[PDB]
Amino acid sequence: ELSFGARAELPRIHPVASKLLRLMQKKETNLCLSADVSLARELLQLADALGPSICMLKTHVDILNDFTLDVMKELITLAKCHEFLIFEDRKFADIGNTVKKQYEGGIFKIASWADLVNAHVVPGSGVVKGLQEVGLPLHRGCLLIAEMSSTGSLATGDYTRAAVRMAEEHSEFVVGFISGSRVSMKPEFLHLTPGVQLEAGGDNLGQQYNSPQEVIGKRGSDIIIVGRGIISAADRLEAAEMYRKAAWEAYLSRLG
């Protein structure tokens, strides 16, 4: 098993994965903030204050009541200043011809500002081929959704294996997974795990939580994605630091 810093140098590493792994090692963070807010001002204030604590800020641009491309410009300024990637959690899941347009165009122009996006594998590999036609020229990366945190998820068994094959066959663009665990044995791929809180529980709409120690330490994932565990806390900076320290020590203890 290699450190994040050594994985950043692997022969087959994608440039976006390398950039991420280098700043994870530099900053001692494997925390992705899920910035699940409706106000641009709150998004930017969280990005600025928590930027030093995170390797990545995950957006849902389509829930931002006051989205503009200028808001995204300000988010990029903060991402460059504090050194984190921007991940738009759009979950592309249509035919290749459609997702190419959804990624490049419309009002969001996601590819213009998102380092990373993700896709469901259920439509077959055309979803990746469509995205990669926009994303490769724009030097972007993609994550494939191999496992899901929600109750009744059908992303199990052969489905998860199909996601890993699709990633490993599109390594020029696919840099890793949304998963609950290590699903690829190839260290070039990132594993990002949502459904994370320090305490046991869930929500009223099928979300299930596991701890940073469980998903990084026992299940072998790389990065925790945390929304409400941070966003609903009074002091979001201290909450981010709690999650960062938990995920980082779980990673170190797996390394030995």
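Sequential numbering from 1, following the sequence displayed. The term rigid core refers to the maximal set of C-alpha atoms that superpose within 1.5 Å between the two forms.
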note = Comparing 143-151 to 93-101 by root mean square Cα deviation from the shown form in 5 other deposited structures of this protein, core aligned, the larger deviation is found at 93-101
request  = On mean C-alpha B-factor from the PDB entry, just flag whether 155-163 or 68-76 is the higher one.
outcome  = 155-163
query = Can you tell me which stretch has the higher mean Cα B-factor, 213-221 or 53-61?
reply = 213-221
Highest-ranked of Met185, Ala114, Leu144, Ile95 once sorted by CA temperature factor in the record = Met185
query = Of the choices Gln132, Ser149, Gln102, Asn118, which one's C-alpha carries the largest B-factor in the record?
reply = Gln132
ask   = What third of its chain, lowest, middle or highest, does the C-alpha temperature factor of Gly206 fall into?
value = middle
task = Select lowest, middle or highest to describe the third in which the CA B-factor of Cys81 falls within its chain in this entry.
result = highest
key: Entry-reported Cα temperature factor of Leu39, expressed as the chain third it lands in   = middle
request  = Compare the C-alpha B factor of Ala246 with those of the other modelled residues in its chain, then answer lowest, middle or highest third.
outcome  = lowest
request  = Pull the Cα B-factor of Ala200 out of the PDB entry and bin it into the chain's lowest, middle or highest third.
outcome  = highest
